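Next up: the same protein chain in two forms, each one alone, written as structure tokens (structure 1, then structure 2).
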Structure 1
């Protein structure tokens, strides 16, 4: 049982970028599942085998991590064309991992077909005809299914909490009590504007000491419908394997989702915060049924409620330690089901 795993639009090498870290993380959790896995990427590396040194049909399973089909500057994107050429030539079913609601499986030939350098490829070489199995990180397959309106070869949809890989990795540990230097923290990118209201709502004009580390830049927050005067401190991106440690320098850390993730997806970020020394403060809208933790102190409705909750946390160390303790405990109850998650994942990839 040889499994192949690939990022459909991103080069994989180390943990300096999120799309490469997510792929490497997955390869690990699968390998620790007792499975035999190889990551296939642009060039050979510490975790990767090169696409043109491997014949995709040697694997009994091709798992593909989501990606856009965006050709920056309109110019060829080797990550995309190499991966699609790779997938197009596999004869069996493809397990597409849907971790981001913004990256449905999509066919590149349509794009390419119309670019000026089209002649450099052929339909035969890039059109994926194999049947696809979408594995949804979100519990709502109508949102998953809706997202893949335009693609026809996608005959199967299944739910699987893919992002729990982080809490299931064998090297996992909860963050230790760290010296506080921030009130509230949040890491990520701008999401192409997909979450501007929530980010401004909760991180701008709060009066608190807040940082937003990631690929998000202040200049991107320019939508008139969502005005602000005081933006948080935007630092740069840090490796995916440092996140909890970063998160841990803040009293609290923020959970906000895209409108479609609400009561739908549980995101990687949720575990990254729950395993950290920063108290988890979730937007009430993101999980209205409090499935993440059943205590209303972990949920906030607006900027004002968030500011109030941090004030209480800054005031009562007892309440702060108590809540981290609760979230840490609650995190482990899920980790206690590591086996059932391994089994479910296997079943999901037809094993």
Structure 2
């Protein structure tokens, strides 16, 4: 039972990029399940074998982490092409991990055949004919089907909480009480549209000491529709395995709403936050039914509520520790189900 996992459109080397670190963490958690698995990527590395140095048919299961197939600057992206070349040569069923609604499986050939560099590839080289099963992170399989109604070789759809790999990792550790230095903290990147509105709403002009870490830059918030005076402090990105300790430096860590996740996907951030020493405050829009934590106090709808809830927390150490113990209790109930989780995954890749 030899399993191969690859990222469809991103180089896999270290933990310095989101797609790469996720592919490696998926490889690590699948290994810890007692499965023999390799990561194939563009070159040999600490975690990967080269596409050029293996026959895709030496594996009984091919898992493909979703990625986009857009070619930046119209130039050839070897990460995409080499991965699909590899997929096309596979004579068996392909398991596509759908963790981002914006990244449904997609053939590259069509987007390649009309390129100046088209001569480099042939349709037989890139066209994937194998049947594909989509393992959707989003519980709503209707949305998963919709996004793939463009590709006919997708024949199975199944829901599997992939993002739970962060809490099921053997070395998982709850954050320990921490000396606070921030009222509210939020990690992410800038995104125009409703995403800008949402962020200015919860992070700007709160009157609280807030830190926005990640890839966002203050000067990206210019839209006159969502004005502001006092912005939060911006910080550089942080290692995947440091997120929870980074969040723990604040009394409260926020989860903002997003049209591509709301009531459908539980995200890595939810767990990273719920695991920290920071009380997890969730944008009502993100989880209307409160599937995450069955306690209204963990939810906020606007700036007034966020400000009010955070101030109740910065004064009441007792209220803070209680909420903290409730979110840790909920996390652990989920963790207790590890074995069911692992079997569900084996079951999802027909093992």
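Whichever C-alpha set is largest while still superposing within 1.5 Å between the two forms counts as the rigid core. Residue numbers count along the first chain shown, from 1.
- Shown first, as structure 1, is the form solved without the DNA.
- Only 191, out of 93, 85, 191, 168, shows a C-alpha shift of 2 Å or more between structures 1 and 2 on alignment of the rigid core.
- Once the rigid core is used as the reference frame, the Cα position of residue 158 differs between structures 1 and 2 by less than 2 Å.
- When two forms of a protein are overlaid on their rigid core, residues whose CA moves 2 Å or more are considered shifted, and residue 112 is not one of them between structures 1 and 2.
- In this overlay on the rigid core, residue 234 has a C-alpha that sits 2 Å or more away from its partner position between structures 1 and 2.
- Taking the core as the reference frame, the CA atom of residue 180 shifts 1.6 angstrom between structures 1 and 2.
- With the core fitted, the CA of residue 258 sits 2.5 Å away from its counterpart between structures 1 and 2.
- We note a C-alpha movement of 4.3 Å at residue 225 between structures 1 and 2, with the rigid core held in register.
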